[PDB]
Amino acid sequence: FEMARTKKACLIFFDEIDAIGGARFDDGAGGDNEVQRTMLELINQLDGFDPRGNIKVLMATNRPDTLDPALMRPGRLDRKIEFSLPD
Amino acid sequence: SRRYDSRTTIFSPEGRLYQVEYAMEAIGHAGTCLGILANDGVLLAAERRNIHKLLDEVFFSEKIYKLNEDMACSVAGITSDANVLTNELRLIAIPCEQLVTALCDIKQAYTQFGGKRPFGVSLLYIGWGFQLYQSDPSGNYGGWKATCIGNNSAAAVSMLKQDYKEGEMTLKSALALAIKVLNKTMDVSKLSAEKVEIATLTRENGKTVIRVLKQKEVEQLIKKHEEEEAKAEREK
Amino acid sequence: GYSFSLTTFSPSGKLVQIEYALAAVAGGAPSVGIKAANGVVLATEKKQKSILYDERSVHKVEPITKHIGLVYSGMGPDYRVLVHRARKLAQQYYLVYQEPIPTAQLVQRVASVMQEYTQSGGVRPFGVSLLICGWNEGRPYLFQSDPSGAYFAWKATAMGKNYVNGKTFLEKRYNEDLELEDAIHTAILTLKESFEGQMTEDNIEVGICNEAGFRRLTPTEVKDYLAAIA
Amino acid sequence: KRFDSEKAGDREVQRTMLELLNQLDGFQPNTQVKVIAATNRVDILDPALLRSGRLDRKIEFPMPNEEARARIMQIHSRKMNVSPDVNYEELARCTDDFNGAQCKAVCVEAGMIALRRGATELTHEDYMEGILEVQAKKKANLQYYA
Amino acid sequence: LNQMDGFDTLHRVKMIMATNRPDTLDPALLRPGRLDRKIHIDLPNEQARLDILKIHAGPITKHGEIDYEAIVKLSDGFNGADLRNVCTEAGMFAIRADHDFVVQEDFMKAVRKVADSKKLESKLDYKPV
Amino acid sequence: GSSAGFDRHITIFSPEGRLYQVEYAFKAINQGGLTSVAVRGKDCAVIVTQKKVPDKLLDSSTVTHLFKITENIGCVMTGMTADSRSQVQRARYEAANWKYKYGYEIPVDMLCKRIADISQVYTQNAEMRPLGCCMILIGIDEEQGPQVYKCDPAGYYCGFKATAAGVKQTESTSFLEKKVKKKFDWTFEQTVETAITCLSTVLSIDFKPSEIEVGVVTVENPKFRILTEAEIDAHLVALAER
Amino acid sequence: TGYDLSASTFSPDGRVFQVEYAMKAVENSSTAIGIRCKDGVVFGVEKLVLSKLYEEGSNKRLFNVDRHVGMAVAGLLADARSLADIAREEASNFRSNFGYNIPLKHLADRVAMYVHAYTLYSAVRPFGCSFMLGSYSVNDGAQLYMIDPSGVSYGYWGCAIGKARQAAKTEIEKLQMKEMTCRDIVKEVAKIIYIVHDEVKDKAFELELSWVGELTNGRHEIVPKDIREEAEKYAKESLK
Amino acid sequence: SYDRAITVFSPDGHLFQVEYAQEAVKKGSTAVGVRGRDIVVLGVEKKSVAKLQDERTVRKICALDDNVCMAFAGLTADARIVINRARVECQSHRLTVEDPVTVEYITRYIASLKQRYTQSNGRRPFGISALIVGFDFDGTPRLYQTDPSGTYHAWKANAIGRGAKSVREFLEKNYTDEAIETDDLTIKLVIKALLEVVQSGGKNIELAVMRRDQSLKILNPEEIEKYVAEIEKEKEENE
Amino acid sequence: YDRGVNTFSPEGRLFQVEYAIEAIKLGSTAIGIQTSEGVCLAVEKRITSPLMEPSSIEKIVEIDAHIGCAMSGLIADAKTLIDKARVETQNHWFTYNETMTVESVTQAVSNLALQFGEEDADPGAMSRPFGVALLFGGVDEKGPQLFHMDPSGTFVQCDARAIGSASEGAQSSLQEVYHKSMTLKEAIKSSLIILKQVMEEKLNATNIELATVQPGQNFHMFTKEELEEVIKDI
Amino acid sequence: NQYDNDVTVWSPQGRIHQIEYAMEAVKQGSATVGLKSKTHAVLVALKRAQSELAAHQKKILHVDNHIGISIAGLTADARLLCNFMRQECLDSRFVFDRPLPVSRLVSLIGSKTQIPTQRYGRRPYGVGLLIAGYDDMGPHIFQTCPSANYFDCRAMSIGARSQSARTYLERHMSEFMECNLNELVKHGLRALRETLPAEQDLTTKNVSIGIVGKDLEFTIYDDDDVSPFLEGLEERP
């Protein structure tokens with residue numbers, strides 16, 4: 001996001017965001033704690049204390065049920081476009 | 001409820017019943033059970049895995065159970081599940097195939113509805129004409145002239161496929177075949193009479209005699225087989 | 001209740017839940033059974049974690065009939081369920097035949113109950129092994145009923161913690177000509193190797209079966225047997 | 001939350017947290033720096049972090065109620081040419097279980113449709129089906145209901 | 001570990017170690033030769049809560065009878081930090097009402113308000129193994 | 001502490017032969033925050049537990065963990081309050097059923113043995129959870145004399161000369177263990193005193209006659225009675241003066 | 001984590017979370033208070049109107065489980081209604097077997113065991129409502145019992161169930177309920193409900209009042225409109 | 001009672017348990033049935049013929065009634081339940097109607113019984129397909145096929161089992177009025193069909209014929225060996 | 001899986017019901033037209049092999065002499081629905097000595113849909129919805145009437161409804177050809193033109209089923225000769 | 001998530017999602033408006049057609065001579081509820097020989113519909129009902145939720161885009177009490193008109209009216225019989 005902000009307008013594509021966008025949980029041990037922090041950083045840059053900039057993000061996932069509620073919130077993923085099977 | 005359900009009676013994506021196969025894997029790790037049909041009788045040769053020195057010998061037989069006055073069965077697999085089937089086998093009793101079909105209907109029922117695990121027991125049935133049957137946890141039964149279930153069943157069937165002379169077999173020849181097949185199947189190079197369990201079914205005087213050979217009789221067969229095998233060594 | 005079996009076959013053809021039930025047996029207090037020429041002895045380690053427990057309140061060696069007795073190694077509460085079932089099964093045998101139930105018959109009837117919980121819906125197997133001792137037809141009887149429902153006829157066996165070593169101890173210390181009193185001595189010796197601390201008349205329970213029937217030795221009697229050890 | 005493990009764990013982050021525990025309330029009492037913290041899952045947090053000496057006040061932010069949701073939609077429609085017939089009370093009734101972000105997204109999507117049809121003024125219908133966009137209901141042929 | 005109890009004996013050097021998760025510590029660290037005494041600073045009991053409350057409510061300006069026992073009875077499960085928060089929140093209730101003093105009613109809300117915040121705290125009973 | 005499947009969610013064995021769900025029910029005894037102590041003397045049995053009334057709004061006459069299961073049998077419940085009442089209602093039913101079917105009052109050993117049997121089914125069937133409660137019965141037997149029996153969530157039960165269940169069970173067990181080692185057949189006054197002392201020394205409360213409930217059964221009067229605040233004050237005064 | 005999806009599953013810390021989650025449904029509902037005074041029990045429910053389209057009397061949180069027992073509920077109203085009929089059928093069966101009005105202590109103990117029975121198995125869910133049962137009689141006296149979703153029933157002098165339960169309890173404590181009567185307490189119950197109501201938050205509530213005492217001859221009934229309006233004016237005046 | 005929904009709709013709209021049951025059918029012995037003018041021929045491939053196996057017991061062609069017989073493909077234990085249930089219904093129908101069952105009726109009952117197991121709680125679908133042949137009261141030869149789904153259709157000729165697609169493709173080309181002119185040609189047609197999937201030859205073919213006003217006749221190995229020689233003989237002259 | 005049969009989607013959709021609706025799209029196309037002169041029911045047989053007897057593919061069934069049904073989707077499932085319709089009718093006749101209205105027949109069959117569940121159900125209760133769509137057509141007091149049933153239990157009167165694989169294309173074709181005042185012979189032809197355009201195979205008198213319930217006249221399946229007469233035109 | 005698959009699973013927020021998901025089934029249904037006056041309580045429904053060659057789905061169902069309902073949601077579930085309420089109304093006639101009180105009938109369906117929302121494997125009745133009836137206590141309009149919670153409403157609207165109708169019902173609520181039968185229906189038709197898109201309008205094909213009064217039995221009005229009600233109301237601005 002630092003390098004995306006060095007541009008007047010930018011597009012970031014997050015293909016297969018379910019790799020890091022999984023929902024936070026506590027399984028006793030530190031299960032997926034590190035990856036959750038990466039997701040927490042991505043959430044912070046999208047909508048945090050600082051303005052994001054002219055970045056318009058775009059994420060694709062075939063497992064949207066696994067994404068964290070904070071990432072699936074407007075202001076981070078405002079539009080939820082569903083690619084259902086064609087009619 | 002749905003969370004803890006293992007769904008035993010469902011179809012695998014390839015069309016198989018996993019619990020049935022996993023049950024059949026249990027028989028493969030169980031004791032070797034032999035069965036050979038002859039013209040004047042049929043025998044059940046069973047490997048004994050309760051061969052601990054401190055195990056008391058009180059029962060008539062360990063794996064071979066008498067169903068009725070005409071039939072006997074030997075089980076391979078989970079012994080506790082075998083006791084359930086042997087009791088129900090007795091309650092059903094009768095022609096030999098009718099008894100086998102009736103129990104296999106019970107066994108097939110546990111693989112279709114009820115949600116319970118299947119009976120992990122394979123049975124070899126002998127009875128009076130003379131006939132030998134094999135059953136599987138899937139509920140599939142088949143008549144045989146010579147068959148084996150349990151450990152190294154495939155190896156035992158392989159030597160039966162080669163050494164079983166169809167039609168021209170008596171009890172003495174079949175009993176000799178039982179020791180020879182069991183020798184290669186069991187890892188023991190001697191095959192003492194305490195690790196083998198032989199029972200013969202024969203018609204005497206118009207009455208069926210189901211008898212479990214005493215340890216003295218079996219040692220003669222193990223002895224006679226070893227000299228006969230030693231005789232083949234003289235050729236080479 | 002749940003109508004699906006909680007015990008299922010693993011891909012390796014093993015009833016994994018049954019094996020885990022046997023793991024609970026291996027964690028129970030040691031139980032030793034010896035079938036001598038003139039009787040059977042049942043002994044166990046009835047050791048409490050504090051003196052506040054009343055030792056005589058609950059007994060681990062419990063009679064089933066006038067001639068059959070039980071000792072377990074595993075889960076205490078599950079043993080009482082099997083004790084009640086064994087007594088009920090022994091009675092159901094008695095009303096119909098008007099004869100005391102044979103030892104081999106009760107084990108088969110009890111082991112059938114244990115097998116049910118390995119196949120029935122929504123229940124786990126009993127986490128105990130039952131050592132059944134009895135006297136029928138003038139001959140002593142000793143049986144072991146595993147959680148799976150398999151029953152084995154033992155001349156001498158040990159269950160519970162350190163049962164593998166106790167079994168080998170019996171191989172080198174048991175003979176078929178042994179008498180009942182020497183069986184008690186051998187039984188206490190078998191417990192002693194796995195025992196930690198000192199064996200008093202209250203921290204072990206000994207039960208014997210002979211022609212007079214099955215009775216649980218009082219702590220006073222066990223003291224006399226214990227004195228011969230040292 | 002810290003945990004006991006024998007094979008692996010995130011002890012480095014737990015060390016960073018343990019430092020932050022000392023800075024909030026430790027050997028040297030720091031009474032000149034005010035600390036604000038924000039989280040979405042307070043159940044994850046270590047109990048020593050939620051202590052009454054480190055985070056004295058734990059403010060629960062609720063889902064905006066009917067009055068708040070109308071207020072939020074009014075807040076984000078000030079810089080927007082909105083026609084004087086939008087019933088924000090009705091929109092607040094049409095946005096149950098909407099957080100502040102969705103209520104703002106309702107206003108953002110409303111101008112999307114107005115630009116979609118070329119309007120220079122937003123109507124109540126633009127807000128109404130801008131709620132549908134924010135709702136993100138999956139496509140269904142549920143016209144056989146009723 | 002080698003300095004607390006190793007080859008060279010530690011003379012006239014004492015060690016104090018503080019942790020609220022002693023369950024995660026190494027057995028060698030918790031070994032008696034290194035950490036001889038394991039002192040349990042447990043949650044305050046009824047009398048201990050009364051003692052801590054008077055410590056923190058002491059400098060607080062107040063009129064009227066202050067039933068410290070009433071606050072103690074609703075302070076079950078509190079630690080020393082809560083009892084100071086109860087004193088702090090009671091003052092902020094007074095600040096909210098433009099009061100220069102704190103009454104028992106101010107403490108009553110404060111102890112109840114802090115008790116609500118204790119539901120977000122997970123298990124605390126951790127002991128050395 | 002290995003796990004395999006649902007051994008943590010339903011009452012099925014772990015790879016090492018452990019019922020974690022049953023173990024978790026034991027931790028529910030400490031959820032109430034109360035400790036119960038039962039001491040058996042030469043001719044009496046006393047159950048003592050702490051009563052907590054956080055606010056004056058609550059009717060203190062209704063906060064009771066001492067329950068009269070029978071005219072001659074009484075119990076102290078520790079753990080979840082809701083589960084404790086269910087066991088008490090079940091125990092009352094079995095005591096009444098025993099009197100109807102068998103014609104004589106149910107022995108204390110047989111009362112929990114049924115309750116332990118009832119609670120064992122919860123540890124074998126996976127459709128229900130074990131009751132997170134511990135039951136301590138006291139009663140005077142016709143021949144065995146005073147009896148104290150604990151009745152755990154797992155169906156374990158035993159006779160006790162002095163038992164305790166709750167948060168401070170292990171600390172109170174050590175205190176009672178030390179006293180019984182002295183081998184004194186305590187009178188009624190000593191047994192109440194050592195019951196009150198055990199709860200007092202472990203909790204460090206210095207009880208008032210409104211923070212503990214005492215229930216006694218004596219050979220001379222084999223009936224379960226709840227000690228009045230005045231009666232508890234007499235023991236508290238006697239304990240203090242020594 | 002899977003430790004909170006069934007009522008038959010204990011957490012590793014020995015807590016049934018499904019029951020605790022049902023507790024949260026009660027804490028999301030409006031506040032109902034009940035005060036046991038010298039000569040009866042008075043119930044007060046802050047009854048928000050979700051819309052002006054509801055008639056005055058809709059969603060009654062005050063029930064009559066018997067001719068001498070009332071019921072103030074909080075939480076899931078459908079579960080509150082279902083527990084009302086369980087109390088009604090328990091009271092009806094008690095009279096049809098023993099021949100007298102059901103004691104409130106036994107009525108509370110009987111319904112609570114029904115509530116507790118839904119907290120043990122995965123085949124049913126815990127009831128998402130907490131309720132208070134209040135009764136008065138010449139012999140037993142004024143009694144006030146509150147039953148929670150876990151199945152715990154305690155007697156009370158003054159109780160509050162709802163989101164402002166903590167705030168209302170502080171207001172109840174200032175009362176000398178053991179000495180004042182129902183007539184003096186209906187004004188107080190009105191005052192406490194008005195104090196704990198949040199006008200900036202969910203607003204437009206309706207004061208639902210009910211009582212049972214010696215002035216109603218041991219019969220639970222809605223407080224008459226004349227007294228209810230008199231208390232409402234006093235409650236509104238107390239807010240200055 | 002185990003009350004659980006084994007067969008449920010996939011999101012695409014498929015009953016996967018039914019499809020998996022149809023997958024077990026594809027692992028069974030190839031069963032071939034041809035409806036002739038005055039004869040019905042059922043041919044079943046034999047899996048790994050063992051010299052120690054009693055051929056009488058493992059028989060995939062069984063007679064439901066004197067005029068109806070069927071051959072299955074799939075799980076052997078599953079089929080034996082269907083045959084017994086079908087056999088009991090044949091006698092129940094004869095008791096009530098006083099008329100031998102029609103092939104349509106017993107293929108409808110088996111299909112209905114099979115369908116019931118795809119919509120009932122706790123029951124997995126039957127993993128067999130049935131090739132029901134027989135004769136009605138008016139002497140018309142009928143051949144019917146059921147699948148685990150519960151759909152029954154009438155066929156002039158059909159194949160079920162592992163090599164159903166190959167045999168059926170062979171049957172669509174060689175089933176003509178000339179090919180069923182005589183009984184011997186009709187019996188040769190099934191052997192020609194089964195030779196397409198049976199590698200070794202007639203030793204792995206089990207043949208059962210039923211003629212009008214006659215009971216089911218299992219063909220002995222010598223009779224089958226006689227036929228395969230004729231097909232082998234007729235192959236030479238066509239080259 | 002984890003989901004039960006009676007589980008609601010976040011959008012309010014019964015998952016199993018919506019899934020059973022998708023099963024119809026794999027079924028054969030069926031066209032039903034209601035006219036003043038009677039009701040028309042057509043369905044494609046979808047022969048997959050020349051060895052299959054076309055007559056055995058019965059996709060139009062005589063519910064009664066005055067009402068018939070055209071089915072699409074899982075044919076095996078509609079047998080259970082058809083059987084009760086042939087039982088509910090002849091039960092109305094037993095109790096009321098009159099022929100049951102076409103709407104009432106569809107109403108009775110519709111109640112079977114959604115009578116499925118996992119737990120707390122009778123032993124004979126179903127486990128999944130009926131993955132079939134029915135087109136009831138018959139004559140009653142209200143004259144010719146056509147009703148459409150779906151696995152959701154939702155039945156509705158339709159003037160011209162097409163179900164099956166080509167429901168979308170045939171319904172659009174039906175709207176362009178259907179007017180309220182048209183003869184039944186036009187309905188037979190118009191349905192056959194639409195079918196021939198949507199069928200995979202070439203349309204002939206053996207791969208289709210035609211049935212009509214005229215007023216006065218009874219339910220009549222079209223024979224090969226009758227079908228060839230209307231096929232010869234288009 | 002893991003808290004939405006069964007009706008016996010409480011979410012950590014004290015909510016049941018399966019109940020909430022069933023509540024969305026009503027919102028997918030077509031709009032219906034129920035309002036009452038001093039002497040009458042009429043139901044106005046906006047019927048929907050899947051295709052223009054299909055009839056519009058019936059929404060107002062006759063439960064008893066004095067009670068009528070308008071459904072919104074699963075039609076088969078509505079039939080199951082209506083059959084239950086038809087029998088209960090019939091049962092009260094058989095025993096007490098009196099009309100079943102409307103308030104007393106809704107209580108039965110509120111307890112009937114609560115049982116599936118609490119047991120494992122059951123689902124809430126995915127249907128919303130607007131009950132209109134007359135008894136000794138006057139006209140009533142009741143709204144029944146899949147959550148088994150019923151509301152005694154003086155004027156209610158449920159279905160798709162029903163909140164616009166509720167806005168109209170709230171605005172002209174005060175004049176409902178004293179207006180006559182004709183004015184009451186026009187208010188409901190005007191309320192139901194707010195749910196329609198701009199280009200759509202109330203027609204005889206998509207409007208059904210059910211009226212119950214003091215001396216008037218519950219009668220359902222259809223395409224021919226709704227024209228005497230539609231022609232009076234003016235075109236919307």
# chains A, B, ... in the order shown; residues from 1 in each chain; ligands from 1
call {"tool": "select_by_dssp", "arguments": {"residues": "chain C", "states": "alpha helix (DSSP H)", "output": "PyMOL selection string"}}
result
chain C and resi 16-26+76-97+103-116+163-171+180-194+219-229
call {"tool": "interface_residues", "arguments": {"of": "chain D", "to": "chain G", "cutoff": "10 Å", "atoms": "only C-alpha atoms", "output": "PyMOL selection string"}}
result
chain D and resi 64-68+93
call {"tool": "select_by_dssp", "arguments": {"residues": "segment 25-178 of chain H", "states": "strand (DSSP E or B)", "output": "ChimeraX atom specification"}}
result
/H:31-35,39-45,53,61-63,68-74,120,123,128-135,141-146,152-155,157-160
call {"tool": "interface_residues", "arguments": {"of": "chain J", "to": "chain A", "cutoff": "12 Å", "atoms": "only C-alpha atoms", "output": "JSON, numbers by chain"}}
result
{"J": [1, 2, 4]}
call {"tool": "write_last_selection", "arguments": {"atoms": "N, CA, C and O atoms", "output": "compact mmCIF listing (two decimals), in the first residue's frame"}}
result
# COMPACT_ATOMS: atom_id res chain seq x y z
N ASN J 1 -21.22 -19.37 8.58
CA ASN J 1 -20.67 -19.55 9.91
C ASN J 1 -21.16 -20.84 10.55
O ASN J 1 -21.90 -21.61 9.93
N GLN J 2 -20.75 -21.08 11.79
CA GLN J 2 -21.13 -22.28 12.52
C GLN J 2 -22.37 -22.09 13.39
O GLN J 2 -22.83 -23.07 13.99
N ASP J 4 -25.35 -20.77 12.27
CA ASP J 4 -26.51 -20.54 11.42
C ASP J 4 -27.11 -21.81 10.82
O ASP J 4 -28.06 -21.72 10.04
call {"tool": "interface_residues", "arguments": {"of": "chain G", "to": "chain F", "cutoff": "7 Å", "atoms": "only C-alpha atoms", "output": "list in words"}}
result
residues 3, 8, 9, 10, 11, 12, 13, 14, 15, 113, 116, 120, 121, 122, 150, 151, 152, 154, 155, 156, 157, 158, 159 and 173 of chain G
call {"tool": "write_last_selection", "arguments": {"atoms": "C-alpha atoms", "output": "PDB file, in the first residue's frame"}}
result
ATOM      1  CA  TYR G   3     -17.281 -26.026  22.385  1.00  0.00           C
ATOM      2  CA  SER G   8     -24.516 -31.167  25.953  1.00  0.00           C
ATOM      3  CA  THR G   9     -20.908 -29.999  25.492  1.00  0.00           C
ATOM      4  CA  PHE G  10     -18.880 -28.532  28.351  1.00  0.00           C
ATOM      5  CA  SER G  11     -16.181 -25.985  27.709  1.00  0.00           C
ATOM      6  CA  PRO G  12     -12.716 -27.003  28.945  1.00  0.00           C
ATOM      7  CA  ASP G  13     -13.337 -24.493  31.757  1.00  0.00           C
ATOM      8  CA  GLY G  14     -16.578 -26.279  32.669  1.00  0.00           C
ATOM      9  CA  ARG G  15     -19.039 -23.724  31.283  1.00  0.00           C
ATOM     10  CA  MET G 113     -36.548 -27.658  36.345  1.00  0.00           C
ATOM     11  CA  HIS G 116     -33.021 -26.666  33.266  1.00  0.00           C
ATOM     12  CA  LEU G 120     -28.514 -30.613  29.049  1.00  0.00           C
ATOM     13  CA  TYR G 121     -29.141 -32.114  25.595  1.00  0.00           C
ATOM     14  CA  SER G 122     -28.213 -31.122  22.052  1.00  0.00           C
ATOM     15  CA  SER G 150     -29.818 -21.835  33.090  1.00  0.00           C
ATOM     16  CA  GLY G 151     -32.590 -22.964  35.424  1.00  0.00           C
ATOM     17  CA  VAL G 152     -31.555 -21.066  38.561  1.00  0.00           C
ATOM     18  CA  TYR G 154     -33.704 -17.542  43.774  1.00  0.00           C
ATOM     19  CA  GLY G 155     -36.105 -15.568  45.910  1.00  0.00           C
ATOM     20  CA  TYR G 156     -35.824 -11.803  45.728  1.00  0.00           C
ATOM     21  CA  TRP G 157     -36.883  -8.623  47.480  1.00  0.00           C
ATOM     22  CA  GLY G 158     -36.302  -6.638  44.295  1.00  0.00           C
ATOM     23  CA  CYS G 159     -35.080  -7.936  40.946  1.00  0.00           C
ATOM     24  CA  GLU G 173     -31.594  -0.763  46.602  1.00  0.00           C
TER      25      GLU G 173
END
call {"tool": "interface_residues", "arguments": {"of": "chain J", "to": "chain B", "cutoff": "12 Å", "atoms": "only C-alpha atoms", "output": "PDB file with N, CA and C atoms, in the first residue's frame"}}
result
ATOM      1  N   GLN J   2     -20.748 -21.080  11.792  1.00  0.00           N
ATOM      2  CA  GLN J   2     -21.133 -22.278  12.522  1.00  0.00           C
ATOM      3  C   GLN J   2     -22.366 -22.092  13.392  1.00  0.00           C
ATOM      4  N   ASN J   5     -26.581 -22.984  11.158  1.00  0.00           N
ATOM      5  CA  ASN J   5     -26.991 -24.215  10.499  1.00  0.00           C
ATOM      6  C   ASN J   5     -28.143 -24.922  11.196  1.00  0.00           C
ATOM      7  N   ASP J   6     -28.440 -24.582  12.447  1.00  0.00           N
ATOM      8  CA  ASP J   6     -29.524 -25.224  13.171  1.00  0.00           C
ATOM      9  C   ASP J   6     -30.244 -24.194  14.026  1.00  0.00           C
ATOM     10  N   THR J   8     -31.361 -24.647  16.968  1.00  0.00           N
ATOM     11  CA  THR J   8     -31.045 -24.827  18.376  1.00  0.00           C
ATOM     12  C   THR J   8     -29.647 -24.343  18.727  1.00  0.00           C
ATOM     13  N   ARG J 119     -36.362 -27.350  18.924  1.00  0.00           N
ATOM     14  CA  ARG J 119     -35.918 -28.736  18.864  1.00  0.00           C
ATOM     15  C   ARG J 119     -34.943 -28.940  17.712  1.00  0.00           C
ATOM     16  N   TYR J 120     -34.054 -29.918  17.873  1.00  0.00           N
ATOM     17  CA  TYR J 120     -33.030 -30.197  16.873  1.00  0.00           C
ATOM     18  C   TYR J 120     -33.649 -30.765  15.605  1.00  0.00           C
ATOM     19  N   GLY J 121     -33.181 -30.275  14.460  1.00  0.00           N
ATOM     20  CA  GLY J 121     -33.594 -30.796  13.177  1.00  0.00           C
ATOM     21  C   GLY J 121     -34.881 -30.228  12.625  1.00  0.00           C
TER      22      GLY J 121
END
call {"tool": "closest_atom_pairs", "arguments": {"of": "segment 56-162 of chain J", "to": "segment 86-107 of chain I", "cutoff": "12 Å", "atoms": "only C-alpha atoms", "output": "CSV"}}
result
residue,atom,partner,partner_atom,distance
J:75,CA,I:107,CA,10.9
J:76,CA,I:107,CA,9.4
J:79,CA,I:107,CA,9.4
J:80,CA,I:107,CA,11.6
call {"tool": "write_last_selection", "arguments": {"atoms": "N, CA and C atoms", "output": "compact mmCIF listing (two decimals), in the first residue's frame"}}
result
# COMPACT_ATOMS: atom_id res chain seq x y z
N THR J 75 -45.69 -20.91 0.51
CA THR J 75 -47.11 -21.18 0.34
C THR J 75 -47.53 -22.47 1.02
N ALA J 76 -46.70 -23.52 0.92
CA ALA J 76 -47.03 -24.78 1.56
C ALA J 76 -47.02 -24.65 3.08
N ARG J 79 -50.21 -23.01 4.03
CA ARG J 79 -51.29 -23.98 4.04
C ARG J 79 -51.27 -24.82 5.30
N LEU J 80 -50.07 -25.21 5.75
CA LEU J 80 -49.96 -25.99 6.98
C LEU J 80 -50.47 -25.20 8.18
call {"tool": "residues_around", "arguments": {"residues": "segment 209-225 of chain I", "least_positions_apart": "2", "cutoff": "10 Å", "atoms": "only C-alpha atoms", "output": "ChimeraX atom specification"}}
result
/I:30-45,54-55,57-70,137-141,143-145,184,187-188,191-192,204-207,227-231
call {"tool": "interface_residues", "arguments": {"of": "chain A", "to": "chain D", "cutoff": "12 Å", "atoms": "only C-alpha atoms", "output": "number ranges by chain"}}
result
A: 23-37, 40, 43-44, 47-49, 68-87
call {"tool": "interface_residues", "arguments": {"of": "chain F", "to": "chain E", "cutoff": "10 Å", "atoms": "only C-alpha atoms", "output": "CSV table (one decimal) with C-alpha atoms, in the first residue's frame"}}
result
chain,number,residue,atom,x,y,z
F,33,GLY,CA,-17.3,-20.1,43.8
F,52,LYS,CA,-22.9,-15.6,49.5
F,53,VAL,CA,-25.6,-13.0,49.1
F,54,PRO,CA,-24.0,-10.3,46.9
F,55,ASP,CA,-26.8,-7.8,47.3
F,56,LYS,CA,-29.5,-7.0,49.8
F,203,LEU,CA,-11.1,-19.3,53.1
F,204,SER,CA,-9.8,-17.0,55.8
F,205,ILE,CA,-13.1,-15.3,56.4
F,206,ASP,CA,-13.8,-15.4,60.2
call {"tool": "closest_atom_pairs", "arguments": {"of": "chain C", "to": "chain B", "cutoff": "8 Å", "atoms": "only C-alpha atoms", "output": "CSV"}}
result
residue,atom,partner,partner_atom,distance
C:2,CA,B:1,CA,6.8
C:3,CA,B:115,CA,6.7
C:4,CA,B:115,CA,4.6
C:5,CA,B:116,CA,4.5
C:6,CA,B:6,CA,7.6
C:7,CA,B:117,CA,7.1
C:8,CA,B:117,CA,5.6
C:9,CA,B:22,CA,5.8
C:10,CA,B:22,CA,6.5
C:11,CA,B:22,CA,5.4
C:12,CA,B:25,CA,6.5
C:13,CA,B:26,CA,4.4
C:14,CA,B:26,CA,6.3
C:111,CA,B:80,CA,7.6
C:112,CA,B:84,CA,7.3
C:115,CA,B:80,CA,6.0
C:119,CA,B:117,CA,6.2
C:120,CA,B:116,CA,6.8
C:121,CA,B:116,CA,6.6
C:148,CA,B:80,CA,6.4
C:149,CA,B:80,CA,4.8
C:150,CA,B:80,CA,4.9
C:152,CA,B:55,CA,7.4
C:153,CA,B:56,CA,5.1
C:154,CA,B:55,CA,4.5
C:155,CA,B:56,CA,5.0
C:156,CA,B:54,CA,5.8
C:157,CA,B:54,CA,7.2
C:171,CA,B:54,CA,6.8
